[PDB]
Structure formats: structure tokens, C-alpha cells
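These notes are about the structure you will find just below.
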Amino acid sequence: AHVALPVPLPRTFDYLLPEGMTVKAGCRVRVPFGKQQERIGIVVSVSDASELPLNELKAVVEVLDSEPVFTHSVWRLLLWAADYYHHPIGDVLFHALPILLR
Amino acid sequence: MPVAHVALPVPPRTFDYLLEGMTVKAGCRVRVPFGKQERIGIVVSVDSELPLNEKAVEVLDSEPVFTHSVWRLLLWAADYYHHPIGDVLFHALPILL
Amino acid sequence: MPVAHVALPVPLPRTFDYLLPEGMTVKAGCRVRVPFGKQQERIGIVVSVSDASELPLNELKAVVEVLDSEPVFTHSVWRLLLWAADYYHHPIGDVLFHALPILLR
Amino acid sequence: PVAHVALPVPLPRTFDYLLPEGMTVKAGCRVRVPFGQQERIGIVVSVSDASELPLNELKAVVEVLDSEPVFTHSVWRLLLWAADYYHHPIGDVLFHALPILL
């Protein structure tokens with residue numbers, strides 16, 4: 001039985017960063033998704049903790065951006081809007097990317 | 001730092017829990033275990049990503065707390081306006097009642 | 001009083017062998033999810049891969065998934081850790097998993 | 001093509017053997033058990049009533065070489081402590097300890 005739960009604002013996925021790999025908010029990263037696939041996502045933030053223990057977080061595979069694909073302003077607005085209007089931050093981020101750059 | 005909090009291209013991403021002799025249907029609130037930490041949730045659907053072996057509590061409603069109409073509507077709006085089903089459902093309940 | 005839990009004098013790194021699925025790849029230093037005992041799984045770190053299992057190549061189950069594309073540890077740190085485990089007589093698994101949290105920032 | 005995986009296994013990594021009907025041993029006693037073909041001498045750390053593998057799926061003991069515990073009641077408590085406290089493989093501590101103790 002699939003159940004819905006009162007989750008925290010941006011429902012994000014936590015990935016472990018192998019030793020010696022570094023990323024900053026606003027950067028795209030290639031990460032695993034479901035048993036064996038890969039997918040592109042954007043780092044919303046990086047902290048020192050996750051609901052699950054570090055040894056359980058799959059590691060990021062590659063960082064696609066050296067610097068933020070989004071502007072410091074645009075980024076702040078994007079995250080704002082996603083939160084204010086109750087929109088999935090991933091949703092907002094990837095949808096806005098094509099608009100902003102194209 | 002260690003953990004990277006990542007945004008992903010929008011998946012209704014729900015949590016699956018095990019139900020012998022306990023029955024529930026869509027639109028019903030249920031108490032279920034949450035992390036290495038009980039909590040209320042709403043049954044979105046009822047044969048799993050991970051092993052039916054490795055979190056399972058009870059059904060708080062015999063009948064759906066939402067109308068067939070209401071539910072259809074709420075699920076639509078969640079989808080149409082890009083809002084997490086959970087958010088819509090839990091926030092709608094109070095106004096509803 | 002049926003089961004007897006016996007300690008044996010085993011070699012340097014007492015490690016557990018698993019079979020690699022068809023089309024799955026992992027190298028040393030990588031964490032993998034594997035079956036343990038009857039009910040469920042657990043996370044472990046690949047210490048090495050080779051064509052040398054001291055058991056029937058069918059009596060051993062297979063990896064479930066690899067959580068790391070690349071080594072979660074550095075080439076040196078890794079050299080260091082395995083040494084430490086051996087030199088100071090500490091369980092390799094103990095060293096690796098305790099070291100991970102401290103190591104990862 | 002096999003991976004040699006290291007797992008964070010609980011405190012005393014021990015090996016479980018079935019005690020043939022009518023065979024009896026006490027902690028601190030050596031026993032001959034099957035291993036891999038060959039046999040080997042091990043020291044009984046304890047006797048429970050269940051293991052992490054199906055109750056009858058595990059090889060039986062072959063012979064008990066000590067009817068009396070080869071270690072003192074105290075030395076025993078000490079070594080088991082030391083193994084745990086200093087994170088040393090119990091079988092390592094016991095077998096290395098034996099030659100010096102004797």
C-alpha cells in the first residue's frame with residue numbers, strides 16, 4: 001500500500017560525495033537512480049548529514065558544472081518561487097533551465 | 001562536505017508500507033513507522049520497490065476521509081498545478097472537514 | 001545448546017565472497033549492497049575482485065547493487081586503511097566503515 | 001569473477017557449527033571443525049540456541065579436544081573484553097594469547 005507522508009519543503013534526494021569530489025549549490029551532477037540507472041539532477045545544497053547514514057547514500061558519479069549553471073539571483077528566486085508557490089524544486093529548476101539559457 | 005541534497009526531474013512519489021487481517025482503501029489515513037524514529041499518512045494506493053521483507057501500523061479509517069469526487073479533484077490539481085500529492089492531501093483535509 | 005560459536009585463527013583479512021551479476025561492475029574501495037544471513041541485506045565495501053573463491057561458485061549468492069561508481073576512498077587513504085587494519089590487527093570491515101564517517105569531511 | 005567484500009559484522013565475528021546430537025562443549029574449549037575439504041582447530045567462544053544461518057544448514061563439529069576450558073575463568077573474561085574493547089578479532093586474540101599464556 002503506497003502511502004503519502006507530510007514531507008519537508010524541498011523533497012530532495014541525498015547522495016554521498018566520494019572523497020575528493022566537490023560541488024556547490026546550483027551545479028548539475030550525474031547520480032544513480034533506482035538499482036542501476038543514472039539521471040541528471042541539481043545540487044540544492046550540501047550539509048553534513050542525512051536521514052540515513054553516510055555509508056548508505058549512493059555516491060555522486062560526476063559533476064557536470066564547475067560553476068553554477070544558474071545566476072546567484074536567479075537561483076535565489078527559483079528556490080523562493082518553488083517554496084512560496086509549493087512547486088517541486090526539481091520541477092522548477094529543470095523546467096526553468098531551458099527557458100533561462102535558450 | 002559529505003551529503004549532497006539533490007533536486008530531481010519530477011517523478012506521485014510515495015512511501016510503501018506493509019498492511020494480515022488489516023484492510024484499507026485509498027483516501028484513508030494510516031499510522032505508519034517513520035525512520036529510526038510513529039506518524040500519520042494517507043493511503044494513496046494498495047501488490048513493492050524493495051523486498052517484501054526488509055517498515056510495515058494500522059488503518060485510521062475504514063472509509064475514505066475524502067469523497068470520490070474530492071479525491072479525483074485533489075489528485076488532478078496536484079498533477080495539473082505541480083504540487084506534491086501529499087502536500088495537497090494533508091493541506092486539503094483541514095479545510096475539507 | 002545446538003549451535004556452537006567458534007572462533008578460528010583466520011588469515012589477514014577475513015572477507016565474504018559474492019558473485020558479480022551479469023553486467024554489473026565494481027572495483028576495490030566500492031560499497032556494495034549484499035545479502036547476509038536469511039532475511040535481509042547489508043552494506044559492505046569491496047576489498048578486491050578476483051577469480052579465486054575458496055567456496056563452490058554457486059554456494060555464494062550475488063551482489064545486489066553497487067552504490068559507488070568510483071572508490072569512496074582515495075588511493076592512498078585506502079592503502080593506509082588496509083595497512084592499519086592488518087598491522088594493528090583490526091577487522092578490515094571495522095576500520096573501513098568507522099573511518100568513512102570521519103574521512104568524509 | 002567474485003568480489004571479496006568486507007562487512008561491518010557485529011562485535012565477535014564467530015563461525016557457527018552444529019553440535020551433533022549428544023555432543024557437548026563449553027566456552028574456552030577447542031574443537032575440530034570442517035573448513036572450506038580440510039579441518040582446523042578452533043576455540044568455542046560460546047554456545048547459543050540459534051545462528052544467522054538456517055538451523056540445520058550448518059556443518060557439524062568434528063571433535064572436542066578439551067573437556068576443560070583451556071583458559072582461566074578470569075583470563076577468559078579479560079581476553080574477550082580486550083578483543084571487543086580494542087577491536088581485535090576474537091579468534092586472533094585467543095589463539096595468539098594461548099602460546100604466551102601456556
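Within each chain, counting starts at residue 1; across the C-alpha cells, chains are named A, B, ... in the order shown, with ligands numbered 1 upward in that order.
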What are the residues of chain C lining chain A at 10 Å or less? Count only C-alpha atoms, and put the answer as a list in words.
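Every residue of chain C that passes the 10 Å test is in residues 24, 30, 31, 32, 33, 42, 43, 44, 45, 64, 65, 66, 67, 68, 69, 70, 71, 72, 73, 74, 77, 97, 98, 100, 101, 103, 104 and 105 of chain C.
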Where does DSSP see strand (DSSP E) in chain C, if you list the residues as a ChimeraX atom specification?
/C:3-7,16-19,31-35,41-50,65-66
Restrict the selected residues to C-alpha atoms and save them as a PDB file, in the first residue's frame.
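Everything below was put into out07.pdb:
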```
ATOM      1  CA  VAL C   3      24.915 -24.039  17.753  1.00  0.00           C
ATOM      2  CA  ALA C   4      28.498 -23.565  18.874  1.00  0.00           C
ATOM      3  CA  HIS C   5      30.041 -20.202  18.043  1.00  0.00           C
ATOM      4  CA  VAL C   6      33.635 -20.955  17.295  1.00  0.00           C
ATOM      5  CA  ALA C   7      36.489 -18.542  16.809  1.00  0.00           C
ATOM      6  CA  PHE C  16      32.998 -12.530   2.445  1.00  0.00           C
ATOM      7  CA  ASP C  17      32.675 -13.616  -1.205  1.00  0.00           C
ATOM      8  CA  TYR C  18      29.856 -12.700  -3.514  1.00  0.00           C
ATOM      9  CA  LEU C  19      29.197 -13.354  -7.175  1.00  0.00           C
ATOM     10  CA  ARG C  31      30.457  -0.084  -1.269  1.00  0.00           C
ATOM     11  CA  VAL C  32      28.005  -2.777  -2.391  1.00  0.00           C
ATOM     12  CA  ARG C  33      24.646  -3.961  -1.040  1.00  0.00           C
ATOM     13  CA  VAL C  34      24.721  -7.709  -0.444  1.00  0.00           C
ATOM     14  CA  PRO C  35      22.629 -10.496   1.127  1.00  0.00           C
ATOM     15  CA  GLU C  41      20.881  -7.341   3.119  1.00  0.00           C
ATOM     16  CA  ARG C  42      23.683  -5.089   4.356  1.00  0.00           C
ATOM     17  CA  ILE C  43      26.249  -2.668   3.019  1.00  0.00           C
ATOM     18  CA  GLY C  44      29.864  -3.715   2.638  1.00  0.00           C
ATOM     19  CA  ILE C  45      32.976  -2.496   0.887  1.00  0.00           C
ATOM     20  CA  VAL C  46      34.662  -4.417  -1.886  1.00  0.00           C
ATOM     21  CA  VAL C  47      38.180  -5.089  -0.758  1.00  0.00           C
ATOM     22  CA  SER C  48      39.150  -6.789  -4.029  1.00  0.00           C
ATOM     23  CA  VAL C  49      37.820  -8.712  -7.033  1.00  0.00           C
ATOM     24  CA  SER C  50      39.359 -11.862  -8.487  1.00  0.00           C
ATOM     25  CA  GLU C  65      23.778  -3.332  -6.384  1.00  0.00           C
ATOM     26  CA  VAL C  66      26.876  -1.134  -6.325  1.00  0.00           C
TER      27      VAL C  66
END
```
For residue 36 of chain B, work out the shell of residues within 12 Å, counting only C-alpha atoms and skipping chain neighbours fewer than 6 positions away, then give it as a PyMOL selection string.
(chain A and resi 51-53) or (chain B and resi 55)
Based on the selection just made, write N, CA and C atoms of those residues as a compact mmCIF listing (two decimals), in the first residue's frame.
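Result file part.txt:
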```txt
# COMPACT_ATOMS: atom_id res chain seq x y z
N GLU A 51 19.17 11.82 6.67
CA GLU A 51 18.29 10.97 7.47
C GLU A 51 18.93 9.61 7.63
N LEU A 52 19.55 9.13 6.55
CA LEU A 52 20.22 7.84 6.55
C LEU A 52 21.72 8.05 6.70
N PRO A 53 22.43 7.06 7.27
CA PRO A 53 23.88 7.12 7.48
C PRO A 53 24.64 7.27 6.17
N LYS B 55 9.75 -1.45 6.81
CA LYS B 55 8.71 -0.80 7.61
C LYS B 55 7.32 -1.26 7.15
```
Can you tell me which residues surround residue 12 of chain C at a distance of at most 10 Å, considering only C-alpha atoms, apart from same-chain residues fewer than 4 positions away, and format the answer as a PyMOL selection string?
(chain C and resi 85-87+89-92) or (chain D and resi 92)
Can I get the selected residues back with C-alpha atoms, as a compact mmCIF listing (two decimals), in the first residue's frame?
```txt
# COMPACT_ATOMS: atom_id res chain seq x y z
CA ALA C 85 43.76 -2.99 9.75
CA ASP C 86 46.42 -5.57 9.22
CA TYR C 87 49.27 -4.02 11.14
CA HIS C 89 45.10 -6.37 13.89
CA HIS C 90 41.75 -4.70 13.41
CA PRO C 91 38.84 -6.11 11.39
CA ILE C 92 39.08 -4.61 7.89
CA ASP D 92 43.18 -13.61 16.78
```
Restricting the calculation to only C-alpha atoms: of A:49, A:64, A:78, A:40, which residue gets closest to residue 10 of chain A?
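Closest residue, counting only C-alpha atoms: A:78.
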Identify which of the residues C:29, C:23, C:14, C:39 lies closest to residue 51 of chain B, counting only C-alpha atoms when measuring atom-to-atom distances.
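Among C:29, C:23, C:14, C:39, it is C:39 that comes nearest to residue 51 of chain B.
Shell of residue 54 of chain C at 8 Å, with only C-alpha atoms counted and residues fewer than 2 places along the chain excluded, is residues 52 and 56 of chain C; 36 of chain D.
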Looking only at alpha helix (DSSP H) from DSSP on the backbone, list the matching residues of segment 34-98 of chain D as an MDAnalysis selection string.
chainID D and resid 73:85 90:98
Resulting file, chosen residues, C-alpha atoms, as a PDB file, in the first residue's frame:
```
ATOM      1  CA  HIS D  73      37.595 -18.060  34.146  1.00  0.00           C
ATOM      2  CA  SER D  74      39.155 -14.603  34.528  1.00  0.00           C
ATOM      3  CA  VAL D  75      41.765 -14.624  31.731  1.00  0.00           C
ATOM      4  CA  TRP D  76      38.823 -15.578  29.603  1.00  0.00           C
ATOM      5  CA  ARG D  77      36.705 -12.628  30.618  1.00  0.00           C
ATOM      6  CA  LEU D  78      39.758 -10.467  30.086  1.00  0.00           C
ATOM      7  CA  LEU D  79      40.605 -11.575  26.577  1.00  0.00           C
ATOM      8  CA  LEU D  80      37.002 -11.353  25.398  1.00  0.00           C
ATOM      9  CA  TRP D  81      36.944  -7.866  26.819  1.00  0.00           C
ATOM     10  CA  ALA D  82      40.238  -6.923  25.206  1.00  0.00           C
ATOM     11  CA  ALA D  83      39.087  -8.248  21.827  1.00  0.00           C
ATOM     12  CA  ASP D  84      35.960  -6.097  21.961  1.00  0.00           C
ATOM     13  CA  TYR D  85      37.472  -3.003  23.641  1.00  0.00           C
ATOM     14  CA  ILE D  90      38.420 -12.671  18.967  1.00  0.00           C
ATOM     15  CA  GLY D  91      40.000 -15.686  17.231  1.00  0.00           C
ATOM     16  CA  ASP D  92      43.179 -13.611  16.780  1.00  0.00           C
ATOM     17  CA  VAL D  93      43.292 -12.628  20.448  1.00  0.00           C
ATOM     18  CA  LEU D  94      42.569 -16.162  21.654  1.00  0.00           C
ATOM     19  CA  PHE D  95      44.983 -18.058  19.513  1.00  0.00           C
ATOM     20  CA  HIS D  96      47.842 -15.639  19.972  1.00  0.00           C
ATOM     21  CA  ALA D  97      47.093 -15.421  23.678  1.00  0.00           C
ATOM     22  CA  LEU D  98      47.270 -19.196  24.174  1.00  0.00           C
TER      23      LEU D  98
END
```
